[PDB]
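Engineer: These protein sequence lines map, in sequence, to chains A and A'. A prime marks a further copy of an entry chain.
For the first sequence, the authors' numbering assigns the number 1 to the initial residue and increments by one for each residue that follows.
For the second sequence, the authors' numbering assigns the number 1 to the initial residue and increments by one for each residue that follows.
Using N, Cα and C, we set each Cβ at its ideal position, and we do this for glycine too.
There are 2 protein chains.
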Amino acid sequence: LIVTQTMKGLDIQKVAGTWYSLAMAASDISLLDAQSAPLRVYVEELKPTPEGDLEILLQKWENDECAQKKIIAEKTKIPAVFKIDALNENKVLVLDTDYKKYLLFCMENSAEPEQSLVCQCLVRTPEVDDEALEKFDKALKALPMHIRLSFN
Amino acid sequence: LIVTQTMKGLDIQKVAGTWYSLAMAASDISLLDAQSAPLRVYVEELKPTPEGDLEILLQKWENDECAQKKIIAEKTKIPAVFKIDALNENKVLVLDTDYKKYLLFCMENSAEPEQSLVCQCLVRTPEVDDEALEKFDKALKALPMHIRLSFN
C-alpha cells in the first residue's frame, strides 16, 4: 500500500467502541480459507490508548470454540498506520472511516514475500444499510484480492 | 434459478474436452470454506455421452491428496439442466458458454432449505484474457453470492 491509500486526518480516539466485521477480502485465498486461517479474525472492539496506540479485541475460532485475543497495534510516524511488533511483524492500515457507521482497514504481512494483505469492512451496528459494503468495494478495486467474503 | 437464466440452444456435444476452473462463488460461505468443502471441486474434463448425458471428471482434495471423482449428470426435460441422481440430489445448470473459450455453470442443492448454489467459471486454456471472468461477474450479479474465489 501507499500513503495516498490510507486515511488522512484520522483521529484514533473516535474509533473507540464496538464494531462488527461485515465483510473480508484477501490477496491470497489461503489467508482466509478455513476458520483456522491466521488472518481470519473478527473485530469485536477497538480501544485506543491515551498514548495513541490501538488495542484490538478480536474473536477467532479455536478448538471448536470462539477464542478472544487482544493485540496491541502501536502508532508509527505515519498516521493511520499501526504496527503489531510481535515476532512476526504485521501492520494495521486504516483506509477510511466516518467514525459513526463504518471503518475499513487492512492487515499486511511485511515479512512474507509479495504483498500479503487482508482487509475488513467494519460497521457500528448491523443496520440494513449498504454504504459500508459499497465503500469497501470502492477501496478494494485498486487492490488485487483473490477471495471475498460477506457475512449475512 | 429460472429457465430464463440458463442457456438457450446449448449443444452438449461441443463442451467435450478439458477445462480449468478459474473462479468459483457460492451463496453460502461454508459451501467453499476449507478444501474439505463438499462443493469445492475443480473440473478437469467434461465428457458428453451419445445419450446426451454429461460425464464430469473432477479433482478434489482428499487426505493430503488430489482425488479424482467421476460423476454423471443426466439430461432432463429442460435443456442446459442436468441431474445428478445420487442419494443427495444435485442439479447442474449451464448458464452460458461459447464452447471454445469459456463455460459458466452452477451446482444446486435442491434438498437443502433455501437456494444453496455454487457456481464456477471454466476456461479452455489459462490464456491471459478476462472475458470469462467478466461474463462470470455479469451472470453472478443477479444472484446472492456470499463468497467469491479467483485462482491465480
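1. Would you verify that the beta carbon of residue 31 of chain A' is, or is not, closer than 8 angstroms to some beta carbon of chain A?
2. Considering only residues of the region 16-90 of chain A, which uninterrupted beta strand (DSSP E) runs meet the minimum length of 3 residues and lie entirely inside it, listed in chain order?
3. Please list the terminal residues of the continuous alpha helix (DSSP H) segment that includes residue 133 of chain A.
4. Using a Cβ-Cβ cut-off of 6 angstroms (strictly less than) and excluding sequence neighbours within five positions of residue 61 of chain A', which residues of its own chain qualify?
5. Check whether chain A' comes within 8 angstroms of residue 150 of chain A, counting only Cβ atoms and requiring the distance to be less than that.
6. For chain A', check one thing: does any of its Cβ atoms lie closer than 8 angstroms to the Cβ of residue 34 of chain A?
7. Using alpha carbons as the reference points, say which of A':71, A':6 and A':112 lies closest to residue 103 of chain A'.
8. Which residues, taken in chain order from the region 138-149 of chain A', show a beta carbon closer than 7 angstroms to some beta carbon of chain A?
9. Looking at residue 23 of chain A': is its Cβ nearer than 8 angstroms to the Cβ of residue 146 of chain A'?
10. Measure from the alpha carbon of residue 97 of chain A to the alpha carbon of each residue in A:11, A:85 and A:118, then state which is nearest.
11. Given 8 angstroms as the limit, is there contact between the region 62-81 of chain A' and the region 125-135 of chain A', that is, 3 or more CB pairs closer than that?
12. Would you kindly work out how many angstroms separate the C-alpha atoms of residue 155 of chain A' and residue 20 of chain A', rounded to a whole number?
13. Taking the alpha-carbon positions, what's the residue 40 of chain A' to residue 15 of chain A distance?
14. Shortest alpha-carbon distance to residue 101 of chain A' belongs to which of A':83, A':133, A':49 and A':149?
Structural biologist: In terms of the structure at hand:
1. At a cut-off of 8 angstroms between beta-carbon atoms, residue 31 of chain A' makes no contact with chain A.
2. List check, beta strand (DSSP E) in window: 20-26, 42-48, 54-62, 65-75 and 81-84.
3. 131-140
4. 35
5. yes
6. With 8 angstroms as the cut-off, residue 34 of chain A counts as an interface residue toward chain A'.
7. A':6
8. 146, 147, 148 and 149
9. Cβ atoms of residue 23 of chain A' and residue 146 of chain A': not closer than 8 angstroms.
10. A:11
11. Result no; under three Cβ-Cβ pairs closer than 8 angstroms.
12. The structure shown does not extend to residue 155 of chain A', since chain A' is modelled only from 1 through 152, so no value can be given for it.
13. 38 angstroms
14. Taking the Cα of residue 101 of chain A' as reference, the smallest distance to any Cα among A':83, A':133, A':49 and A':149 is reached at A':133.
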